[PDB]
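Chain nomenclature is as follows: A, B, C, D, E, F, G, H, I, J, K, L, M and N, assigned in order of appearance, with residue numbering initiated at 1 for each chain independently.
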Amino acid sequence: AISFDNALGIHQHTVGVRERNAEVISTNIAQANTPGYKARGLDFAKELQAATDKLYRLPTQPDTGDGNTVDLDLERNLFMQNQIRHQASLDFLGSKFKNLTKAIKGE
Amino acid sequence: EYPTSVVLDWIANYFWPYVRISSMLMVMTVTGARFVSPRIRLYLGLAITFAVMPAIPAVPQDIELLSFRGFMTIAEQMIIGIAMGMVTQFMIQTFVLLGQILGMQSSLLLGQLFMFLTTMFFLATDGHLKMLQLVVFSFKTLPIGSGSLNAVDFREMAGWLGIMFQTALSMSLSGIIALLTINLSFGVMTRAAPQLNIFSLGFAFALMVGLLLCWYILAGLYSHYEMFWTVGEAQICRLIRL
Amino acid sequence: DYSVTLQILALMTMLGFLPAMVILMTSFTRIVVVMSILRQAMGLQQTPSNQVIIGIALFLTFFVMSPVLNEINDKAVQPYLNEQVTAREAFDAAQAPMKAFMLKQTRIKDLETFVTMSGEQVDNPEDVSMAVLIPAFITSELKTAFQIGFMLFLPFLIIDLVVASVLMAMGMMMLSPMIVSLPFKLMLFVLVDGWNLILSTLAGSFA
Amino acid sequence: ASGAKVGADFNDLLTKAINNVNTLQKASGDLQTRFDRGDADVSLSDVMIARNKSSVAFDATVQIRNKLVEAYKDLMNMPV
Amino acid sequence: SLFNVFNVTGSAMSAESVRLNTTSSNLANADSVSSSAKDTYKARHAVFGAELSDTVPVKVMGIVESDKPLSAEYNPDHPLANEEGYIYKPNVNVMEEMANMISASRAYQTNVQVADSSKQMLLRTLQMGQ
Amino acid sequence: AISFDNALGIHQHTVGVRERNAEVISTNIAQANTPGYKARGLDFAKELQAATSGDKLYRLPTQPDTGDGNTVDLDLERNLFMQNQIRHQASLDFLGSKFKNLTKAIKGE
Amino acid sequence: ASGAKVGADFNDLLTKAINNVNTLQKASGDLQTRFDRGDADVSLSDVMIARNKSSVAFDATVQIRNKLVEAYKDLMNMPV
Amino acid sequence: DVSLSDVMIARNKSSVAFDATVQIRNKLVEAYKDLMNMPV
Amino acid sequence: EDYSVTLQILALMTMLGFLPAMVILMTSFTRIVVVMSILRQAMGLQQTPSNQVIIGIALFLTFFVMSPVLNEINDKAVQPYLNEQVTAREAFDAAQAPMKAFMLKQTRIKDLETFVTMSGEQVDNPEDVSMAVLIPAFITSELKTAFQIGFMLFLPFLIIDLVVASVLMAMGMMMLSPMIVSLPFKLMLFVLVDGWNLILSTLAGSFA
Amino acid sequence: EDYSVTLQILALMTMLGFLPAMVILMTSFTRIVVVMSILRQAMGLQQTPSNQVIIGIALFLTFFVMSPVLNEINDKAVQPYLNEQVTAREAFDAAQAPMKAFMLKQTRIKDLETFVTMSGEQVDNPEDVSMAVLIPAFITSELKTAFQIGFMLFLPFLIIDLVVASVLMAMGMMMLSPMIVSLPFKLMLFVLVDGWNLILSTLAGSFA
Amino acid sequence: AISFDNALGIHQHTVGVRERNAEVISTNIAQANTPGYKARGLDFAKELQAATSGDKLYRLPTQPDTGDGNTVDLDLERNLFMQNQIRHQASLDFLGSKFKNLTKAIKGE
Amino acid sequence: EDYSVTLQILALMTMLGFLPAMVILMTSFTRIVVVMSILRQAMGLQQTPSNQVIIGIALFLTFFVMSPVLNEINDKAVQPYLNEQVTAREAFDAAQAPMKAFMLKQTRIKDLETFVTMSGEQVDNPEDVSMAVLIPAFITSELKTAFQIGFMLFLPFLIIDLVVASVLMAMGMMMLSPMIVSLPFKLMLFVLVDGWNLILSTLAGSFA
Amino acid sequence: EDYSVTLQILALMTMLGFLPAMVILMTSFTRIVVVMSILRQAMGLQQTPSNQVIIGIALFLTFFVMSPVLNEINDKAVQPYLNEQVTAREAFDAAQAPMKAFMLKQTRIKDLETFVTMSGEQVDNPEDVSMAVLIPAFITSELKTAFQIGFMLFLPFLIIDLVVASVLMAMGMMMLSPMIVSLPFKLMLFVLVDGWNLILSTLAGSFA
Amino acid sequence: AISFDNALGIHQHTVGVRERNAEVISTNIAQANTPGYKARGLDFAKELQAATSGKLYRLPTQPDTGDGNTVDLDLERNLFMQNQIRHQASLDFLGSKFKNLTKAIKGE
């Protein structure tokens, strides 16, 4: 054993997925006013399987002739949650090397 | 438990037995030789102590590692070890004494010839194994905590100089008489003409016979060594009170 | 199994015990003692120097113990790198080739002495623990090195006795034989190709 | 009592400590990946507690290891 | 044993977290009339406990509904009303929910400081004799 | 003489008491919001005496409780925790220097 | 089981680790220079992950070298 | 039941005790070696 | 694939660590020290030339005789490496080749045969052995060569010692020490023959 | 007032460093070695007993004769100090006194007078003279005493050698060296009288 | 092959280029109200290539100017300044590690 | 502007570093050691008194004979310095002055003359010469003085050796070695003359 | 061009590390050390002057005989350097010239010729040879010159030993060692001739 | 030659001058509301030269409101900010001179 795949766990992939998720939410907020755009959601378990997709969000309310299915209340909350979890993933993956370096150097 | 008790006891239960073992090795005939490096000897003492650890009884916990009583314990462990080591040096140097008395009487380095052969006797007869068995037995009958060499042990060990000369003379008495009688016979037989004398001519004659007699000495030296080792081993057991 | 952080710490710690393993488990001990004894045999005291003596022993202990390193590599190193074996099993898989080599290069009498001193009941020689085999190995190797070394001492002692008696024959009792014997001691070693003869026998002595 | 019992007792003390440190490290690793994968039954507070204890536990392991090696290095540099 | 402070501070973090979740549910269901008059939502509150038989951990002993009477409203238009045209609403008081939000957040972050400072004391202990 | 007790002094027992006090202070901070919980105090002099050779003290509130019954003054608890950490750091420095001086004398380095 | 065979085998084992370290450093440097030059399809996470791997790999290389050099010095400077 | 203070104190006490016994052993052996290497 | 700059710095900083080993094993420093050590013992003076002065002259001698190999290393490996003509491994191999040629030139066949058989590798020509098996064969060859040179230099001083000891015995004064009455003549022979120049010249000449 | 634990340890390690000096300057080691040096010199053996065993026997002999004083130090100084009955300062003085008393028992009045005047100090009682002045007087007396014993030990071996030489000359053989013939007779008479045991009695008991 | 150009890579040049870009962006923000001023832009690919192996462009407006001739989109300029500042710091971290990696290789620690 | 405390400590620690040099060159240690060495070789004993005992006796003797100058340093350079009465630079001069005066009392004007010319400094009065010149002159004078005393003590032992050899040659036993028989008489004369107390008293009185 | 302050300190601190090497190779320390060893061997005492004293006298004398060189170094190199009249490059070269001039004056042509041909450099005049080719040649000549001076001093003590050995042999005592009898006269010859002033003055005068 | 004037360079004097410039700017900000006070500046090039080998008035951008005070507060903040940045750089340069100097005399 003793390999980076096992030392880092899955925290090496989660940081990437949280970046992709943040990009999609940023797209949804920007495309909220453009008619005909369908809100895109990212399935977390899919990138989990890709580590070891880009779906559509069904609206809770009807459109108003635009056909745009973006709820700005939902997007802000989902962007806040993703950003908080992204920082935790950096903390988890960052400490993997800090412990790894301390084991090797002994100091 | 408080971890202080566990860690301190093992260091006390290992180093104190090791000190006696190591001190015997540095004074021993073979392990204390100049050929072997201290590092090899150090590892040998570490390995022997670890292996014979089950036979060593637990040291008393009353004496602390950091105390003057513990400091005295370290010193008296060495004195026991040096006592065994000096006995081995006494035997080999007695054979060195045997070599040099023959060489001196041979009108003449001959101690080294006996020293090397006696070292072979020590190794071949498993003398080193017996000494290691003696020191581990010393742990049983002479515990680390209470016990040290008394004044009588010092006097018995100081009296081994007489043991050297008596044993060395006993081994060489037959040869030394032979050396004298042939030289006296050569002197009286050539005394008729004072023109010849001996001087250097006597040097050549004496050394040839002396080397020949040393050939006789090596022929029956093994039996003397066996009796000598029994005397020395008995002294060692007396020190450890076995 | 131990965590990745701990098993990195384990191998790092024992990486510093590599000199310890060499001295008391492999053929480094016997060669150095024989080299040291032969160095004292000639009149030169430190002419070969300690570093050169060690350097020859390190090369010899690698060529001679090469079969041991081969078995350790293919039985312990290779399975561990392929994730076919765990940390403890790989470490045990390395002990067996080295324990077998040490067991065959010791004396029965020494092992019989040590098992008695260790106070463990073992019925057969090939099942003794490594804790008692290591001191038994070095004790036997010391006896072998001393017996081999002092036999090499004998021809150089022969020269000393011959020259000393010759000098004493002429009454030159004050001339030190050691300075006269020194040129002839060196010649005996170079005529017999000593530096190749001792190493060839030392290499072939192990098994 | 013999000296092997003290040595075995010291050995079991070290083995127990290593297992305790290893248990904390594995416990922290599971809690980290459980919260990282997105399980809603894991609290960030418990994860931070878990990795705080494992980091402190391993740091204690490093300190003991260095002292053992330093003592051995001190031991080998002795007259004998 | 070596981390007694962490078990207590961490328990507070888990305890104060539940109180914030309960507050969020009370505010999100302050206008949920639901149906009937006994299935109507009622303000829930966690119960903290301390077993003092060193350190005394804080343990949540379950969620308990408030005993305040339901807020009655006259509305003979809602189809889920009753004979007298009354719809009973949850007994959630906004002012007490705001105070709980302030109290829970501050107390939760206070234990973060204690737990964080506790680690520093442990780290300094490892430097003893160095 | 030449003993660890006579060499370390009271700096070994003091450290344990300071860690005990921090456990008590942290408990009061955690249990601040629990109703009916009474603030717990610790006597350093009595604890140090017990540690050297070898009961419940409650803290009188400065103001009445608002009904819950909890007498934990979180303003005071933080101040005492800050003081306890400083004095604990000094004790570690005092105790740590005892071992360094002992090692210095036994090795002359 | 020959001296040349095992010497090559450990050399192959040693050169494999050196190549592995070299691969991590080149990959780390390649990711850094593409992100730094302005390539859009390079994430900072990939850059930071790679350069953390190289630092750990190079740190192990230096520490292993120090162990080997100290071990070599210990055997050469011993009082034979 | 144990804390880091007890562990660190135990570590420090063991280190001081081990360093004490090694140096005294070294001093006595050096004293012995000095006596052995003297001109009789 | 050339190594990274960090590894290359770490690789040649390790060479400085093994620099003393190279001098005592792969260079001419071994033979020169031994010959002067035996030469010192041949004369009556025990440690008059001193170890540091012996090493100092040996270091200058080993620098002058290894200049062609050092120049070849620079002109085949160092300069292309500094000028980006070859990679790190090619520069390392280009530096080793002149060093191997020097050791093989001053070695013995039997010594090479002894070590190739023990290692267990196929050999058909001398210039195929790995450096791991050439180093122990080279130092063994140097020690034998150094002993032979030391023996020659020892003989003239042995003749003087025998003559002066025999002459004293001719008059009959056996107690007078030959060593004290022979040291001035041993030193004078080393002077009027000018030993400190021809002996160093032979040591330089013996390597080429 | 009493020395701290750190300072007491420093003093303890200091005395261990000076331990070889205390053996050869304060204890009975000097007299025993000098007497045993004469015994080796008296017989025809030059280095045959070797230096190692003589020192080792001397060390064991000293521990035998110093056992009363060492035990007196143990009881008076070590035991109260271990039990923490007395302070370190007075315990050190309690250990110094038995050594001073023993050195007074093996010194002479004339030797003390010379050094006390040499030091240029004022004293009236030999019992409270500084140990710095007692040490040179102690060894000076020890060397003179050892020469007396050695002279008495040298006489019987001189007696044997002169008799053998006279016998050989009287028989007319003026060509044979007396040393070779006399050596077995000296060794035989050294063994059948058990000479070393007699020397032990007159050396160990000489201190009292 | 051991040389600063090979060890520091392009990060020794990128820092200077992004500093130049910050100056070009900052003078566009400051001169936002000056009429007749055309917003200036610096091509990163060209400037980096020029620096590697040894003239700012004009930024086209997305909407017409309101009669002053100034084509500075202050909404866009803030976005570019923020991006350049983050990328400038990232290049500093890359370049800074290049010297630290060399130092630890040289010193062996 | 005396030296700062940090520099004053640095100077004192340096003087302790050269303490063996000060004792073996600037004091009476050398002369006593050489005279003891000649006396030991004068008798038949090679190294019976042993080297450590000889140096141990000399160290106490050289401390006693230099107690007056040691006290003068204390009373003029140490106590004023500790009482804050003299500049540290002045105190160093006040300590060096008695040491220079003592070395001048035991030096020979010929030694000063050759070293002053060797240093090439124009100095006339034999009191303001540098320590760089005085120390080699002093140690040279001590070696010559020790040889004179060594020859003086050697003569009686030469007389005994010649008498014993002559008496043995009178009886015709030329084969008998005079050294073995001479030695007990050499011990005899030295002990009934009270040699050890006599020589150390004369060596103490010699420095004046 | 001029070295930076950090580099100048690094170079200067480097030369302090090689200071012991420059003393025993580039100064008069070696010749004086060798001569005293031979002079000590000539007399019967082998360790009476003591190594520490001999090196101490050698250090004082090498300070006196290198003073003209050191003063030239101070004047030519240091004073322009401290006053910023020359760069660090010029100062180091200006310091090397007087030291090279001293070594060139005490060397031998043949020794220079031997190493010049060994170094493979094209040299037209001796006064411009490289430093690396002068240091081995200078120390070689010093050792040879030291032996010649030692042989001069050995003869007078050898003559005394031969004279006393023959006188003892004439009277028929062939067992008395001449070394014991000769030693008092060897010491006296060194005394009434004032050897410790004559020898040192000649050694200092041998560099002029 | 090795001396501090050649080892430290001008950085030993530059640090001191910027401290003076801090005082000059500080006394301008405090006297912003005092009528009749004229803002004073410090010429760095001239002051540095004087320190190496050994209080001008600032012109107002706009007329004063009537008090007689010519202190432009926003200019003082900008100048103080720049002076503080360069002062830290001067400390960084001068401090590194000693550290590199110590490394040479110590060898590690």
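Following the convention adopted for this analysis, a contact is a pair of C-beta atoms (placed from the backbone, for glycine too) under 8 Å apart; a residue touches a chain by one contact, two chains touch by 3 or more.
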Inset, instruction - Please find which chain has its CA centre nearest to the centre of all protein CA atoms in view. - result: H
Inset, instruction - Compute the distance, rounded to whole Å, between the mean C-alpha positions of chain C and chain J. - result: 44
Legend entry - Chain centre separation (chain D, chain I; CA means) in Å: 53
Legend entry - Rounded Å distance, chain I centre to chain K centre (Cα mean): 61
Inset, instruction - Could you tell me the distance, in whole angstrom, between the mean C-alpha positions of chain B and chain I? - result: 42
Legend entry - Contacts with two or more other chains, residues of chain J listed in rising order: 12-13, 20, 24, 33, 36-37, 52, 56, 81, 174-176
Legend entry - chain H residues counted as touching two or more neighbouring chains: 2-7, 9, 11-16, 18-20, 22-25, 28-29, 38-40
Legend entry - Residues of chain E touching at least two other chains: 2, 9, 122, 125-126, 128-129
Inset, instruction - All pairs of touching chains, please: list them by chain label. - result: A-C, A-D, A-G, B-C, B-D, B-F, B-G, B-H, B-J, C-D, C-G, C-I, D-E, D-H, E-F, E-H, F-H, F-J, G-I, G-K, H-J, H-L, I-K, I-M, J-L, L-M, M-N
Inset, instruction - Under the touch definition given earlier, write down the residues of chain M that touch chain I in their complex. - result: 20-21, 24-25, 30, 33-34, 37-38, 41, 110-111, 114-115, 118-120, 132, 135-136, 139-140, 143-144, 147-148, 150-151, 154-155, 158, 161-162, 165-166, 168-169, 174-179
Inset, instruction - Please name which positions on chain H make contact with chain B in the complex. - result: 2, 6-7, 9-11, 13-14, 16-18, 20-22, 24-25, 28-29, 32
Inset, instruction - Going by the contact rule at the top, pick out the chain M residues touching chain L in the complex. - result: 44-45, 47-50, 52-53, 56-57, 60-61, 63-65, 67, 171-177, 180-181, 183-184, 187-188, 190-191, 194-197, 200-201, 204
Inset, instruction - Within their complex, state which residues of chain D touch chain A. - result: 29, 32-33, 35-38, 44, 51, 55, 58-59, 62, 65-66
Legend entry - Partner chain G, residues of chain A touching it in the complex: 4, 12, 15-16, 19, 93, 97, 100-101, 104-105
